[PDB]
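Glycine also receives a Cβ, built like all others from the backbone with ideal geometry; neighbour counts cover every protein chain displayed. Each answer follows from the model by the rule given with it, or from the source it names; no laboratory read-out is quoted.
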Amino acid sequence: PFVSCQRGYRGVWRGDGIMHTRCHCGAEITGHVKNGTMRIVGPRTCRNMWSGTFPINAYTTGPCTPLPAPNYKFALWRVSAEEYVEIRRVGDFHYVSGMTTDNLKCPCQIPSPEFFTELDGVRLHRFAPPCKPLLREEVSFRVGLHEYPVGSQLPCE
Amino acid sequence: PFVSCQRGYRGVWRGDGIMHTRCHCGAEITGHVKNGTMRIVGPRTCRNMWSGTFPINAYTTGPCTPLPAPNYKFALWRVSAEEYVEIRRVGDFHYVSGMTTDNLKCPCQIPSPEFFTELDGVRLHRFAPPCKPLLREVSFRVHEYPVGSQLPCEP
Amino acid sequence: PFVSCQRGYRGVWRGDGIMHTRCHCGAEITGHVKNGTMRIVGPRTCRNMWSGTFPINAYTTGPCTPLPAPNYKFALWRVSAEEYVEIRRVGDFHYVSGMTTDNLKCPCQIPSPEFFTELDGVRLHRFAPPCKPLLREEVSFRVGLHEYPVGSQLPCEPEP
Amino acid sequence: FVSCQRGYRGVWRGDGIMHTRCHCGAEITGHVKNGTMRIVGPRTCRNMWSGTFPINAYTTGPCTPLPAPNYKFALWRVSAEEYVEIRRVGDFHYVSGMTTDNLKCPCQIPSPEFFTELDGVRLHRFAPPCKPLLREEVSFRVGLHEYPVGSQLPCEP
Ligand SMILES: [Zn+2]
Ligand SMILES: [Zn+2]
Ligand SMILES: [Zn+2]
Ligand SMILES: [Zn+2]
């Protein structure tokens, strides 16, 4: 139900200061982070203004970083320079629900939330590739050396 | 010998935990971070182990983040999906000494050291697309301005 | 393959100039200090030359002195005419966790980083006795008229 | 590091201490004893870690290189500003290219140390910039007879 006009991040921020981004509709949204809460200033027209959110793009600019909560439902993870992995979170456990390419080597511990490229459709980092179609069945990812099938939890929790 | 190993980063880190990476020479380097300091562990073969340094790669794994000292000489700023700028620092001012392409749009204010792609030869991000020859002979656009000029929101 | 390199100092120096020394593997290293920073030049053989570090032997030469950072773990303090004491440093507090001989006479104010003969395996001063084996258990050191056990803080140092 | 001028580690004639500077601009020193040169360098200059010695208008000392005759291509200054490439075949030499057409040439290929370059590696100082790299449809003048691009050095049996 988001019209992008891209889906903004709304949550805590790392650092204090003034942030600057441009939406896909054209808006320039300005953010004022102080004590880790950002106050948004934007045009009635952008959905992000309505949602209190702040889209992240090649256009983003300022000293601050997203500090999202660990209770996401899906996370796209940049593993190669051009390859990603979809993690699904269920309880305190995270399971590889998909991957751009097969035999995709990957780390075994899950990262802190702010290293993920996208959380539930929301971008976290100013630059990244596009995302090849996430294969979700009939596949395997290598973790170091021992391979696993799709759906299988990350081996370190 | 010394020659193929990536010039690693040595300095303060953000967040505690265990860092993993692989040097171009093939060596694996491990960094243990507590209170911002990283202790380096690696094979004798590799420079970074002797240098106390950590090579940031597409191979780097971990929770910690580099926190560079603001007192650099030169820095690489990724200002576009595929475009960079060399920023040279003199005292409290910084002067844009290079650019991969002429007339690239630019930001009027320098970022925190940590947002720079490379510092004095040390790459700080793990994913960084390659840098075409830097041009030091044209102009940039913030208005529009010749090479060597300070950052226009630094006057 | 692996040189027996006695590890060098890398850090800030006192007094600009040109310094020469010989390494344990007989690499005539030479350094150039300007504004505290020394730039090293030697052979691709020595492993100080992989770290970029200056070995301090009794071979060193020149008007510069090391100025080490204060956050060491273990230091070597030269007492006497032939005796040392390993000082172990925990945060702001300092313990006499070794010695080269029992019941050593031993001052109780722990010196500036500059004054230690060796800091965490790096010598700082050109001339030194060879260190005897470090007795670390069932021994004591005298701070003046008082006698204390191995593992004790310094007796000037405010320890609670 | 990658900007450094490829130097020479081979045998030297004479003994003593040699100085020169790289294009990177760390200076270099070689110590020659029994014909072997030891490289003392800045922990910045590839020629130090390569044990090589960059030969430049900046070199000084009392010693002269002696390359082994098992080179591939070489540079031969035949005039004040005119060189000639020479390809070794495992046999006897071949003139692989000039810098100017109808160039005059001595028929005997000289000992390895008279060449300005052996394989992209300078051996002499003050040698003039090479021009172009010309390959074909051109002739050289050995004695009074003339020869095509590609022929053996005449005086070789
Ligand atoms: Zn919008
Ligand atoms: Zn290495
Ligand atoms: Zn050595
Ligand atoms: Zn060089």
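Considering every residue within the stretch C:44-55, establish whether at least one is more than 16 Å from ligand 3 (Cβ to nearest atom) and either in the same structural domain as C:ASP120 (by CATH) or more than 18 Å from the chain's Cα centre (by Cα) (or both). No, the stretch C:44-55 contains no residue that is more than 16 Å from ligand 3 (Cβ to nearest atom) and either in the same structural domain as C:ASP120 (by CATH) or more than 18 Å from the chain's Cα centre (by Cα) (or both).
Cβ-Cβ below 6 Å, separation at least six or inter-chain, first residue in the stretch C:131-160 and assigned by CATH to the domain that holds C:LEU76, second small (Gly, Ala, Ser) and part of a loop (DSSP other than H, G, I, E, B): which pairs? From residues that are assigned by CATH to the domain that holds C:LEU76, the pairs are C:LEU134/C:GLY98; C:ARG136/C:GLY98.
Scan the stretch A:6-16 and tell me whether some residue there is within 13 Å of chain B (Cβ to nearest Cβ), in contact with a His (Cβ under 7 Å, 6 or more places away or on another chain), away from ligand 1 (no atom under 16 Å from the Cβ) and within 26 Å of B:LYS105 (Cα to Cα). No, the stretch A:6-16 contains no residue that is within 13 Å of chain B (Cβ to nearest Cβ), in contact with a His (Cβ under 7 Å, 6 or more places away or on another chain), away from ligand 1 (no atom under 16 Å from the Cβ) and within 26 Å of B:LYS105 (Cα to Cα).
For the stretch B:92-104, the criterion of being assigned to a strand (DSSP E or B), more than 13 Å from every other protein chain (Cβ to nearest Cβ) and polar (S, T, N, Q) is met by at least one residue.
The set of residues in the stretch D:23-35 that are of a type in the set (A, V, I, L, M, F, W, C) and away from chain B (no Cβ under 14 Å) comprises D:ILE28, D:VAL32. Within the stretch C:16-39, does at least one residue satisfy the condition of being of a type outside the set (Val, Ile, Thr) and under 19 Å from B:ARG7 (Cβ atoms)? Yes, the stretch C:16-39 contains at least one residue that is of a type outside the set (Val, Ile, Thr) and under 19 Å from B:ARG7 (Cβ atoms). Answer yes or no as to whether D:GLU27 is of a type in the set (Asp, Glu) and buried (at least 19 other Cβ atoms within 10 Å of the Cβ). So D:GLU27 does not fit the description; no. Restricting the search to the stretch B:36-60, which residues are away from ligand 2 (no atom under 12 Å from the Cβ), farther than 14 Å from C:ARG47 by Cβ and either within 10 Å of chain C (Cβ to nearest Cβ) or aliphatic (A, V, I, L, M) (or both)? Matches in the stretch B:36-60: B:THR37, B:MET38, B:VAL41, B:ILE56, B:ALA58.
Kindly evaluate D:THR60 against the criterion of being closer than 26 Å to D:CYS22 by Cα and either in contact with a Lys or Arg (Cβ under 8 Å, 6 or more places away or on another chain) or buried (at least 18 other Cβ atoms within 10 Å of the Cβ) (or both).
no
When the stretch A:98-142 is limited to residues that are among the β-branched types (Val, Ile, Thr) and over 18 Å from the mean Cα position of the chain (by Cα), the one that is farthest from A:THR65 (Cα to Cα) turns out to be A:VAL139.
Just for the stretch C:67-97: of the residues that are β-branched (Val, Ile, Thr) and crowded, with 16+ Cβ neighbours inside 10 Å, which one is farthest from the chain's Cα centre (by Cα)?
Looking only at the stretch C:67-97, we keep the residues that are β-branched (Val, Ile, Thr), and these are C:79, C:85, C:87, C:90, C:96.
So of that shortlist, the ones also crowded, with 16+ Cβ neighbours inside 10 Å come out as C:79, C:85, C:87, C:96.
Details: C:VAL79: 13, C:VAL85: 11, C:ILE87: 11, C:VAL96: 15 Å.
Among them, the one singled out is C:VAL96.
Inside the stretch C:27-90, counting only strands (runs of 3 or more DSSP E) that do not spill past its ends, which hold 1 or more residues that are in contact with a helix residue (DSSP H, G or I) (Cβ under 9 Å, 6 or more places away or on another chain) and more than 16 Å from ligand 1 (Cβ to nearest atom)? Of the strands (runs of 3 or more DSSP E) lying wholly inside the stretch C:27-90, those with at least 1 residues that are in contact with a helix residue (DSSP H, G or I) (Cβ under 9 Å, 6 or more places away or on another chain) and more than 16 Å from ligand 1 (Cβ to nearest atom) span C:37-43, C:65-67, C:74-78. Can you pull out every residue in the stretch D:120-137 that is within 26 Å of D:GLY51 (Cα to Cα) and surrounded by 14 or more Cβ atoms within 10 Å (Cβ to Cβ)? Passing the criteria: D:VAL121, D:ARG122, D:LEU123, D:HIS124, D:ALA127. Summed over the stretch C:105-119, residues that are over 18 Å from C:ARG136 (Cα atoms) and assigned to a loop (DSSP other than H, G, I, E, B) total 8. Among the residues of the stretch B:85-93, are any aliphatic (A, V, I, L, M) and either within 16 Å of ligand 3 (Cβ to nearest atom) or outside the structural domain of B:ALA128 (by CATH) (or both)? No, because not a single residue in the stretch B:85-93 is aliphatic (A, V, I, L, M) and either within 16 Å of ligand 3 (Cβ to nearest atom) or outside the structural domain of B:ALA128 (by CATH) (or both). The requirement of being out of contact with any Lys or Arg (no Cβ under 6 Å at 6 or more places or on another chain) and more than 30 Å from C:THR37 (Cα to Cα) is fulfilled nowhere in the stretch C:109-128; no residue meets it.
Taking the stretch A:1-26 as the region of interest, how many residues are assigned to a loop (DSSP other than H, G, I, E, B) and more than 17 Å from the chain's Cα centre (by Cα)? Here the count works out to 7.
Aliphatic (A, V, I, L, M) and within 14 Å of chain B (Cβ to nearest Cβ), is that true of A:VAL139?
no
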